[PDB]
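Engineer: Quick one: this structure, given as structure tokens, is what I'll be asking you about.
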Amino acid sequence: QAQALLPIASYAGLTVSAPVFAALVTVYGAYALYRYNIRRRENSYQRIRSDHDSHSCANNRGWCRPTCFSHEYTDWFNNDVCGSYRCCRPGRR
């Protein structure tokens, strides 16, 4: 996880979260991230650029992701409402 994410064009002119930002810098670099106006934002909630079968859960207080980043955690309750994805509820439980 946090490695080889969505293309830098997927965040073109956006403010990405640290997990994705640092990962992006890991593959695309601050060079490419600067190029596509990819900035780094807060992580007080679920902040990912989706994935595949991703969707809202926990009353849209958690994003359904195949993997949760450091700013969210695997909520197993809404994991059930997600199906295959786990509900990424803000935090690190």
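Ideal geometry is used to build each Cβ from the backbone, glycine not excepted, and the neighbour counts take in all protein chains shown. Read-outs throughout are calculated quantities, based only on the coordinates presented, and are distinct from any laboratory measurement.
Engineer: Which of (1) surrounded by 14 or more Cβ atoms within 10 Å (Cβ to Cβ); (2) not in a loop (DSSP other than H, G, I, E, B) does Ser10 not meet, given it meets every other one?
Structural biologist: (2)
Engineer: Within the stretch 25-44, how many residues turn out to be closer than 19 Å to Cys87 by Cβ and either surrounded by 16 or more Cβ atoms within 10 Å (Cβ to Cβ) or in contact with an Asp or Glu (Cβ under 6 Å, 6 or more places away or on another chain) (or both)?
Structural biologist: Qualifying residue count for the region: 1.
Engineer: When residues of the stretch 48-70 are filtered for being in contact with an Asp or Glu (Cβ under 9 Å, 6 or more places away or on another chain) and crowded, with 17+ Cβ neighbours inside 10 Å, how many remain?
Structural biologist: Summing the residues that are in contact with an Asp or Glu (Cβ under 9 Å, 6 or more places away or on another chain) and crowded, with 17+ Cβ neighbours inside 10 Å in the stretch 48-70 gives 8.
Engineer: Looking only at residues that are small (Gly, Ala, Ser) and closer than 20 Å to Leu6 by Cβ in the stretch 42-93, which one is nearest to the chain's Cα centre (by Cα)?
Structural biologist: For the stretch 42-93, the residue satisfying everything is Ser50.
Engineer: Quick check on my filter: what residues within the stretch 27-81 are part of a loop (DSSP other than H, G, I, E, B), of a type in the set (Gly, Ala, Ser) and closer than 11 Å to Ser17 by Cβ?
Structural biologist: Selection gives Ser44 alone.
Engineer: Now, a different point. Closer than 22 Å to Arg89 by Cα, surrounded by fewer than 18 Cβ atoms within 10 Å (Cβ to Cβ) and either among the aliphatic types (A, V, I, L, M) or in contact with a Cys (Cβ under 7 Å, 6 or more places away or on another chain) (or both), is that true of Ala22?
Structural biologist: Values: closer than 22 Å to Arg89 by Cα: yes; surrounded by fewer than 18 Cβ atoms within 10 Å (Cβ to Cβ): yes; either among the aliphatic types (A, V, I, L, M) or in contact with a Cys (Cβ under 7 Å, 6 or more places away or on another chain) (or both): yes.
It is true that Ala22 is closer than 22 Å to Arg89 by Cα, surrounded by fewer than 18 Cβ atoms within 10 Å (Cβ to Cβ) and either among the aliphatic types (A, V, I, L, M) or in contact with a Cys (Cβ under 7 Å, 6 or more places away or on another chain) (or both).
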